[PDB]
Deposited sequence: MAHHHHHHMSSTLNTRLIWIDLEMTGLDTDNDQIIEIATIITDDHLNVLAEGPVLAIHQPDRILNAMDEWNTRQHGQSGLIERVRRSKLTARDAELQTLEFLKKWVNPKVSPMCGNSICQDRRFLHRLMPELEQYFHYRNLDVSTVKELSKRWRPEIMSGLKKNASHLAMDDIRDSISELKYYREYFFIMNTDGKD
């Protein structure tokens, strides 16, 4: 049975672009699991408001992606600042995991951590300094077990896919004895 010290925080962000120095966060989502990847609770899925000048200055790829998903319209309608979403996320996390206990879990986590550091530093500091990036395992699996790869940007569904991807590796790639 899991405790406040034996749980994992999973997180995904959507941004206005790939520039970790300049672009904004427009969506955040979190999921809590135990050390054995059982989902315990899903956190708030929050769209962060951005002015139209920022949305209209996105490149074509991001305009297509975030428009088609409906994120852009949710961002327009949202009244939440980055700070509002940060506080709501923290309020949720504190009920499930103690501070500095969980590594930051998900796919391509370094990118997420860099955006969090600049725009949501208090949230960033709630994580342990370690990362648990499923894409590291994928890099190894592509090279050492290419035959299992055939078996494999909406924030909450993105996290579920990441958790599910790691369970796939646990079954076929890791010795669990």
Where does the model have holes with respect to the deposited sequence? 1-9, 162-166, 192-196
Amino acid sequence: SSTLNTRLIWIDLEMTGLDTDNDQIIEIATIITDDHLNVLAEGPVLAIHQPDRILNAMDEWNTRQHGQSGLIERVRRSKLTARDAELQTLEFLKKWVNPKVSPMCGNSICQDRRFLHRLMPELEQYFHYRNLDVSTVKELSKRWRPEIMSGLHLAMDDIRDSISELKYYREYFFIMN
From here on, numbers count along this sequence of modelled residues.
Higher average CA B factor in the deposited record is what I'm after, so tell me if that's 101-109 or 68-76. 68-76
Which is higher in the entry, the mean Cα B factor of 41-49 or that of 143-151? 143-151
Using the entry's values, work out which of 120, 55, 28, 137 has the largest Cα B factor. 55
Ranked by Cα temperature factor within the chain, is residue 35 in the lowest third, the middle third or the highest third? highest
Considering every modelled residue of the chain and its Cα B-factor in the PDB entry, is residue 161 in the lowest, middle or highest third? middle
